[PDB]
Amino acid sequence: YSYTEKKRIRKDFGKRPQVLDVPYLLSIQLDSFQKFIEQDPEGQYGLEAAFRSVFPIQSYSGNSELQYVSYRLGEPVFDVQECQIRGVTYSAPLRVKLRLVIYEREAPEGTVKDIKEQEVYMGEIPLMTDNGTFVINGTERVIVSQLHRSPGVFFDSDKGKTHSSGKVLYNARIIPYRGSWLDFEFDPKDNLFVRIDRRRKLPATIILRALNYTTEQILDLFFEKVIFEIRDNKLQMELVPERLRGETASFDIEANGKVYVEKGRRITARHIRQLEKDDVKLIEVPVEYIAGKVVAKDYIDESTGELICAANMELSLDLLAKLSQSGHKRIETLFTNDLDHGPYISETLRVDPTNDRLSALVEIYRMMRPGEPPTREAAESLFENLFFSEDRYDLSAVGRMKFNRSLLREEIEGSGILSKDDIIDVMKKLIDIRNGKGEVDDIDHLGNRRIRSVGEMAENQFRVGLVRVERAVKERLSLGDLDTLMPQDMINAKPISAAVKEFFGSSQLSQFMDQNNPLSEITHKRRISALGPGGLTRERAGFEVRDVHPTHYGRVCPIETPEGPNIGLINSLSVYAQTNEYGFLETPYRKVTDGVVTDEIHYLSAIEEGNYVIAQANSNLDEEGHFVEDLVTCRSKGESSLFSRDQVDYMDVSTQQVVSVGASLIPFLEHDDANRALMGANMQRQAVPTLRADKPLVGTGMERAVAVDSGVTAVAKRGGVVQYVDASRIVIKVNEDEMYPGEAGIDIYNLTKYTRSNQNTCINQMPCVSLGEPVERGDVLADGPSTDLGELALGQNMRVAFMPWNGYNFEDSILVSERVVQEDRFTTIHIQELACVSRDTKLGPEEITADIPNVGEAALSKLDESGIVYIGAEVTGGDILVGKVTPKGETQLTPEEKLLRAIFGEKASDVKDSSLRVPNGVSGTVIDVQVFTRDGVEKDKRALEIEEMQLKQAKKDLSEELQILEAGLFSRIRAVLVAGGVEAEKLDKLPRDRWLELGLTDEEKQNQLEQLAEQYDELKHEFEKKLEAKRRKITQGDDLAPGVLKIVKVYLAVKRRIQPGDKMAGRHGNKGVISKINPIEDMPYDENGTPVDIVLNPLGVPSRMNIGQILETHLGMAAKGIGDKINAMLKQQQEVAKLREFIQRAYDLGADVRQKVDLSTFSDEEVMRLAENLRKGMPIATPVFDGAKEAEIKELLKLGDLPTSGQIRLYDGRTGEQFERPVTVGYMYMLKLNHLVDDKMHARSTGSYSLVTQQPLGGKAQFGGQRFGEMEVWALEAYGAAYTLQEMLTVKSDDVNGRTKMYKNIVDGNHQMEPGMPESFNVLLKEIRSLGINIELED
Amino acid sequence: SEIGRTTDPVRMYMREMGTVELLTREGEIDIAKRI
RNA sequence: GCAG
Ligand code: 118
Ligand SMILES: [Mg+2]
């Protein structure tokens, strides 16, 4: 166990023993970025590979060069939290050591005239925090892994979807990592064509002639020859007998003898074997056997020098006669047998108009750069810049691996650019696929799709920035100032840093992190995305890429995926899925050696997984390893079948191998329909953290893993004893086993209290341990948001009854009791930041002040004299938080306002109230105020007060860390001093600082005292230089945006309580909106008087078949039935013998479970602490697809003395009489989702209007206005509502003169409209008349 | 010739501009003498 | 990125 797991042991019902613990759930992000920024002496990964890919940089003339020696990341200027506060990226400076070598002018080598070596700064690269996030502009962003088509050659088809003849048309496509695409394809006439970058197609032999192949060499490559040799007479023909497989001869075959097959008779393999048994190598055929045969060589004359027949020339008897007259007794001829060796290449040698290499290069030029006259020296440079230069074409290492793997080569490494051999082999494999001896690639196979992740996309963008700077440094190196310039005078850091800046901030895959709960974070990091740059688009992405493939098994979750327009494009990585070193997903299996399932795991990729046959995880096996069955369900080719127990090669490592981490948390997942499992998996990530986290009574066993492997919690790095514990810090006194020599031996954990998540929730850590408690390496010391004792806890254990109640849970509504509101169960804290920005305007600067015009002194009662609100103020909607006035001019009073002010004399004010106010309906507590002043603006009293508070706090925190650490050092010194020459009567009175220099008998202990005194002196040296850094970071002026003078950010904390409209859910896709908050006495109650907390609709179960939610209810009643049994034993104060016996009877229940809790090894203190943690219900673990059977649920129900049907009889609370049927009552785990009705309710009568067209503005942030779309206009045209429609068009929206007349008419009590023309129609008329089209209105 | 295969004005400018052969050191002198 |  642990000491943190025997506080409360979750009763495990899983039966399969696990052989592979769940890995670090954020390995994708952390490993990718570690490959990116770590030093790699081999030079394959990250910044080192990117630098060696660009450097060295020769000049145009080669006289000088800029080479690269090493790089180095600086330390960040601000730590992560200062970056989140000041709104700046958390990055490290990339300092790269370059060397400018100047060769000599006249030298046999260009010997070194000079070297100038120095360290040039190029850019700041953002840093992954220790949780897999980036703080980019103060917001935490996750760079999502991309799933893109691997580079390589992909053979595909369109399955007769062209030319209506149902003819399957094949195409190869060479896709590189970077560079021009190269496709070959077939047309309906069986002619091989080629496209380059998907522009118009050429005959494919043009790219064969651009490579220096002639027509004769082409026909050599793609064909084999039937040699006709003229012996004595009658056209002897060399014979290879297998070329005669399956034809009908036009002539009988006689070779020196027996007639094998007569005329017009079909030839079968017996005839071929017969001809080879006779060893037939020669025929004499009819002379018209050459009517149609194509010569395969260049046959010219020797007598008259006339070119008789060049290559690719179809022969005829007259041509045969004129060819034989020149002494040509040897006639080489193409062997094209139909349906196995087509004429495709010899057919395209006739369709291309090209005869020579230069004409082919010209034709490729004309296709590529049209309209421009092709010259030789540019057409022959365009081609060797297309696919054959490393500057422009990189097929990469994955590209070359997949390339050779597709062409069945044995070498997996090579050059990144194409070759003659590669292109020719691709054409050969395309022709083979046409000839029926190949198969097209499945493009959604996960052997053809590749995970490109953070440290690879970041390196790609960095290398783009590097080529941007190296073109400029090539341009600068070829100048004549070459003797007096250093390398940092020719490096521009701004392109390089701008590439990574736009990647990390503006890419589609660099996303604002989900920070609702720990599950949202840790599932946003394990997210795969088909979209992004270099991937699909959610509109153009078809049906087939959105589907779940058979190779998604164990690699990509089938159920956790979105539900709207990008479904199947955003995927989630499965629990055990890794990536190859190439990026292809792989998943672990157990090896089955001889029928014995070994516990040796192998990570199989999607293509290897299809070779073996692989057992299930639900496949039973006994303790010897052997399958207890003999006919095992397995998967062999993506096909799934039954096999013997000795065909089985591998076995799935776990029963939850197939699902993601978020779907691994749905108990009884195997009973939900896959749609409702998808919805539950997607609504666990929208659940906000409540006030008091409540463990699930029914979990699956992944809750500890999700809570720890996400960094929301504070896990002990070294074991020890809690020396001090406090709501904001935990001081652990390390064991002497785990501490290093010369060390204080104390770990301080500073907890995070009431900070804002990205979703404005609060992320607050509470110390889980108590004082003096022994903790171990890995225990949870502090529960973060939505965790309870280290277990992920997203909702609360509500008591549900499934029954229709008086209409109030109609159509997915939820009827909540009032005790769920009294008990503050789903009350969640939400923290808003509101900024008031004092800018410099052209009429004078805005000032933050408490002398606000036209506002009484009751509203300015919460503001201090600086004009800012007091911290701790209970504000409501409409209250001023930051008083600010703007200077204004252009007053221009009306005549009536002039008279009104000449009567009363109350003059107009020259400043305009521009205050920051609480938004309407918000009611909360100011918990923090931050003031940012541009350097040069004087600070008000409050900014100085806040700075002095921050300096006090910095000095206090650093003096307290020094006090804790020096107390630990003095305790270690006291422990070492008494190990020899004991001073136990002397030591505690002498001044402790002299223990640093007390020379003892040096056996070896004075060495440790030397190191401990060095440690103390270093701590004293270090505290001062940390405190001075903190002082100069606190008092320094802020780098604000241009124009702004100061920024006041006020943080409101709003406790939102549950209320009708708030959307609750469970783990099984059973979402719902609260319809009524019912009194306690109205709720249905059982015979003991305990009312139900939540009444759900039973009609929501059978149509959407998430039966799991019923079982989790029945089990959640069993679990609580155990708890309220133990609870009883703690109120009668039974002996610990009776408690120990009953809890042991509860943990031993179940049919062949994997866990054994033997708590005779528990002390009585440990048993009473456990029994105290189980008094609110004993938590159960129902692993996914391995969970508690129905019989085990009934047995545990019988142990808690509850009815085994799970259905008790309930009484109506209102009339006191019984509902006529038993009612399912149990404890579901309800989640409060982030769709709160406080955030959705909006209303607007009049407001601000859009600028160009005068319609209302868009969203409830800008006071909105709802879009009366096109469909609603049709809905009003379908009734005859002409007047309602005409006011939706003119006076509610666009009519500028009609909207104010309608307003003053409503106020006058005259509900009548004076509609004009919509302004947007006038905008349209003016935008058509600006097109040179006179559009008019005819009177 | 290549007329009609492009609509890009920069390709058209370059194509029409390249029909004029450059001047040598003594060609510029002859042209300036003519001016 | 999400909600229906
Ligand atoms: C541009 C390109 C394609 C589509 Sb679409 C579509 C629409 C909404 C949400 C998702 C996808 C589409 C195209 C190819 C394959 C699959 C979908 C689309 C096209 C016609 C009619 C309706 C939708 C839309 C705009
Ligand atoms: Mg979007």
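Atoms within each ligand, like the ligands themselves, are counted from 1 in listed order. Order of the sequence lines fixes the chain letters, A, B, ..., with proteins taken first and strands second; residue numbering starts at 1 for each chain.
Distance check on atom 12 (C) of ligand 1: some protein heavy atom falls below the 4.0 Å cut-off. Taking a distance limit of 4.0 Å, we find that atom 22 (C) of ligand 1 is approached by no protein heavy atom. By the definition of a contact as any protein heavy atom under 4.0 Å away, atom 4 (C) of ligand 1 is in contact. Protein heavy atoms all stay at least 4.0 Å away from atom 8 (C) of ligand 1. Protein heavy atoms are found less than 4.0 angstrom from atom 16 (C) of ligand 1.
Under the 6.0 Å distance and 45° angle rule, A/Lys402 counts as a cation-pi partner of A/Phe584. A cation-pi contact links A/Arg1244 to A/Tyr1249, judged by a cut-off of 6.0 Å to the six-membered ring centre and 45° from its axis. Under a cutoff of 6.0 Å and an axis angle of 45°, A/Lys201 and A/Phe193 form a cation-pi pair.
Listed by number with element, the atoms of ligand 1 under 4.0 Å from a non-hydrogen atom of A/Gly542 are 15 (C), 16 (C).
The aromatic ring centres of A/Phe504 and A/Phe134 sit less than 6.0 Å apart.
Looking only at side-chain heavy atoms (C-beta outward), A/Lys167 and A/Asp190 come within less than 4.5 Å of each other.
Protein heavy atom nearest atom 2 (C) of ligand 1, with residue, atom name and distance: A/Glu539 CB, 3.8 Å. The protein atom (non-hydrogen) at minimum distance from atom 10 (C) of ligand 1 is A/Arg538 O, 3.9 Å.
Not a single donor-acceptor pair under 3.5 Å links the side chain of A/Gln511 to the backbone N or O of A/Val142.
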